[PDB]
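> After the structure tokens below, expect a handful of questions from me.
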2 protein chains.
Amino acid sequence: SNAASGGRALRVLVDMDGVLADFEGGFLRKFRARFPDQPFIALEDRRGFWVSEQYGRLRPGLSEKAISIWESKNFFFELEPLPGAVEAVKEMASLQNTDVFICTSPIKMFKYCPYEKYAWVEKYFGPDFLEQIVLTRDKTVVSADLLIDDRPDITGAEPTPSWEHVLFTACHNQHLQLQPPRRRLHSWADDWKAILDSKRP
Amino acid sequence: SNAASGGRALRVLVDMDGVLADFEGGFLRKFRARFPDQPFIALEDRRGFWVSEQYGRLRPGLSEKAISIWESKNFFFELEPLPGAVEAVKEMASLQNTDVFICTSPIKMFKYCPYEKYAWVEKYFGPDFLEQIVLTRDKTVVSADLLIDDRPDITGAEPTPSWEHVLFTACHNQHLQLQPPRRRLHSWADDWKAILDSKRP
Ligand SMILES: O=c1[nH]c(=O)n([C@H]2C[C@H]3O[C@](c4ccccc4)(P(=O)(O)O)OC[C@H]3O2)cc1/C=C/P(=O)(O)O
Ligand SMILES: O=c1[nH]c(=O)n([C@H]2C[C@H]3O[C@](c4ccccc4)(P(=O)(O)O)OC[C@H]3O2)cc1/C=C/P(=O)(O)O
Ligand SMILES: [Mg+2]
Ligand SMILES: [Mg+2]
């Protein structure tokens, strides 16, 4: 909930894909359904942020087939929420002096993706939560106390972002050793409130 | 153009409606075409940021008719650029140590608007410029040196934004007296380079 006027609430940016929405699981399900004669990468075996790069190493042509999955209509809209993600963000947004923004990047092929992300937030969080969406390809220019995001390396035009990046665990990053004092949120069942409280005055 | 790595380019946020895209002219054209038996508000006579409020005072029911114009498919996509706007932003983005983001708010009815804004930027600035788009309902959480925006009062969750807000003249704000030391950009023919240079080291 917002601070009283002129005041300063703790501000938390929450990524969508891989944090709220199950991109990896959705991808694999739809890939196997569309391309059942192709090999695939079990989640346990995912390595590197970029799905298509790993698929491209697995067999020639597979990078382009992978890309076609997330370029398809309804791919983003039909992603299932991560366990605990909707409940956690609803709780988080209800906390005093706590402003939560869903800060997500659309893919370059814009025909479906931005629309479906707004539709997905409406679906799970309601119409009033649409006020909390920020779409950007550069998160470093969005100011906040915390950024919860599954991507290990978040870069952009601001060399010294104001947020602390808390790495949200995903199949593709779960084995990564981080430079101290970088930290993780393992899942929404993990203690996200302790992380927020650590940044409060 | 971006700064060399680790470095800090001047960062300029540019609004879309009323700054790059002619919302007021597009609105009036389509309103008159759809509702030719209704009275309308000539641009010279526009007062207050909110079109529908002024229309609602003009005749009962007209606020809802106004709203229907910007909720229609192709309303945003078919907006014409302001004179000089495309050329200015292309030049601005080409300048050394200058990072330009188009920072715009989608309307609440998300079916067409976000998509059409990305399509409009592709159309006028090209595919690579899609990297520079930020969609947000809160510009105060986007950090920059300058925000060029026709809305007089820009507020949100950050009580002390990092940008200086430069008011872009529009029919609805042209008579407004601003609190010193707030300033204006009258049009894209006005000297925007002097404004940027005033913020450089
Ligand atoms: O984790 C991911 N893994 C992944 O393989 N992808 C796919 C989807 C598509 O996304 C992009 C992408 C790059 C940067 C930011 C968002 C998406 P593109 O828009 O360039 O096609 O990069 C290549 C592709 O990779 C996206 C994501 C998630 C992106 P985020 O959660 O929005 O930051
Ligand atoms: O100048 C304007 N005048 C105007 O009458 N409107 C119309 C369009 C619609 O926009 C909204 C609006 C409110 C805040 C930010 C963007 C749009 P809504 O999403 O709530 O329907 O407010 C009421 C409506 O008013 C928008 C704008 C421009 C908004 P901006 O350039 O994106 O900041
Ligand atoms: Mg992600
Ligand atoms: Mg505007």
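Counting begins at 1 with the first residue displayed.
Determination method: X-ray crystallography, 1.5 Å.
Positions of Cβ are set from backbone N, Cα and C atoms, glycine also.
As annotated by Swiss-Prot, active site, nucleophile applies to B:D15. The active site, proton donor feature in Swiss-Prot is assigned to B:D17. Feature annotation from Swiss-Prot assigns Mg(2+) binding site to B:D15, B:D17, B:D150; the stated evidence is experimental evidence. Per Swiss-Prot, the feature substrate binding site maps to B:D17, B:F23, B:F49, B:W50, B:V51, B:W70, B:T104, B:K139.
The feature expression tag is assigned by the PDB entry to B:1-5.
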> If we check Cα distances from the residue listed as 'active site, nucleophile', which of the binding-site residues B:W50, B:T104, B:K139 wins as closest?
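Considering only the listed binding-site residues, the nearest one is B:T104.
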> If we skip the immediate neighbours and take only residues 6+ beyond the ends of the expression tag (B:1-5), which ones have a Cβ under 8 Å from one of its Cβ atoms?
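Result: 93-99.
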> What does the DSSP secondary structure composition of the expression tag (B:1-5) look like, as residue counts for helix, strand and coil?
0 helix, 0 strand, 5 coil
> When a 10 Å sphere is centred on the Cβ of B:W70 (substrate binding site), how many other Cβ atoms does it contain?
20
> Which of the three DSSP-derived classes (helix, strand, coil) applies to B:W50 (substrate binding site)?
coil
> Let me know the most crowded of the binding-site residues, choosing from B:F23, B:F49, B:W50 and counting other Cβ atoms within 10 Å.
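When each Cβ's neighbours within 10 Å are tallied, B:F23 tops the list.
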> Report, in whole Å, the straight Cα-to-Cα distance of B:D150 (Mg(2+) binding site) from B:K139 (substrate binding site).
13
> Write down the Cα-Cα distance for B:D150 (Mg(2+) binding site) and B:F49 (substrate binding site), rounded and given in Å.
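B:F49 (substrate binding site) and B:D150 (Mg(2+) binding site) have their Cα atoms 9 Å apart.
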> What does the structure give for the C-alpha distance between B:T104 (substrate binding site) and the residue listed as 'active site, proton donor'? Integer Å is fine.
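B:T104 (substrate binding site) and the residue listed as 'active site, proton donor' have their Cα atoms 7 Å apart.
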